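S.K.: Experimental coordinates follow, after the sequence.
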Amino acid sequence: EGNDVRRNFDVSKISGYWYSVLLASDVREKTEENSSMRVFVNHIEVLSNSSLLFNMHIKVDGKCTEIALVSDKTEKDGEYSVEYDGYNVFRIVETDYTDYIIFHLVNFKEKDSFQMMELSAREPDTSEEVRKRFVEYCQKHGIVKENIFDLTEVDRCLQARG
């Protein structure tokens, strides 16, 4: 429905202030409180070369910490690469630049692999159908509904923003 694009992107119109609605993975533990992969998007900015800078927050013993990651563009179009708790390869799944965005990420830790998907939005929360549309996408990626954690119903470091 609406005006969602999943093919060729206009990265220029995706640079701005995003939130973090839902975060899901293949493992139950990597979506938990102290799990490194529980980060909260604040801002994204287009670089000189089209690489992406992510201003975001993580809870270090209950205290919100500022983190910045530059994800370098790779061979395949629409996908970026960044190293954090191992090697990460992620790609923009689909987005309605004015409402939501879906991200898929594989973290190539040495000898083990985990995939993760995040739903971010221009506003702290987005539509129940968009909430559903994410579950349909991460269902195809084999991530079961049981392991789709909600960020809307927890402290997402809102304050420190920024």
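M.R.: Nice, I can see it. Residues are numbered from 1 along each chain as shown.
S.K.: elements contacting the host helix or strand of residue 92?
M.R.: Residue 92 belongs to strand 87-96 when assigned by DSSP states H and E. Using 3 or more Cβ pairs under 8 Å, 6 or more residues apart in numbering; DSSP states H and E as the contact test, the elements touching strand 87-96 are strand 79-83, strand 100-109. To be clear about C-beta, it is placed using only N, CA and C from the backbone, and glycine gets the same treatment.
S.K.: Dig out what residue 91 forms beta bridges with.
M.R.: According to DSSP bridges, the residues that bridge with residue 91 are residue 79, residue 104.
S.K.: Test my guess that it contacts residue 106.
M.R.: No: applying Cβ atoms under 8 Å, one finds residue 91 not in contact with residue 106, separated by 9.2 Å.
S.K.: re earlier: got the helices and strands packed on strand 87-96 as JSON lines, with distance to residue 146 columns?
M.R.: Supplementary listing: the helices and strands packed on strand 87-96 in JSON lines, determined by distance: least, Cβ to Cβ, whole Å:
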{"stretch": "strand 79-83", "distance to residue 146": "27"}
{"stretch": "strand 100-109", "distance to residue 146": "19"}
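S.K.: can you put the ones you listed in CSV and add mean neighbour count and distance to residue 128?
M.R.: Formatted as CSV, the entries for the helices and strands packed on strand 87-96 read as follows, by neighbours: other Cβ atoms under 10 Å; distance: least, Cβ to Cβ, whole Å:
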stretch, mean neighbour count, distance to residue 128
strand 79-83, 17, 29
strand 100-109, 18, 12
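S.K.: Which among those is found nearest to residue 154?
M.R.: Taking Cβ to Cβ as the criterion, residue 154 comes closest to strand 100-109 out of the helices and strands packed on strand 87-96, the separation being 18.7 Å.
S.K.: could you point out which element follows the closest one?
M.R.: Along the chain past strand 100-109, the next helix or strand (assigned with DSSP H and E) turns out to be strand 112-121.
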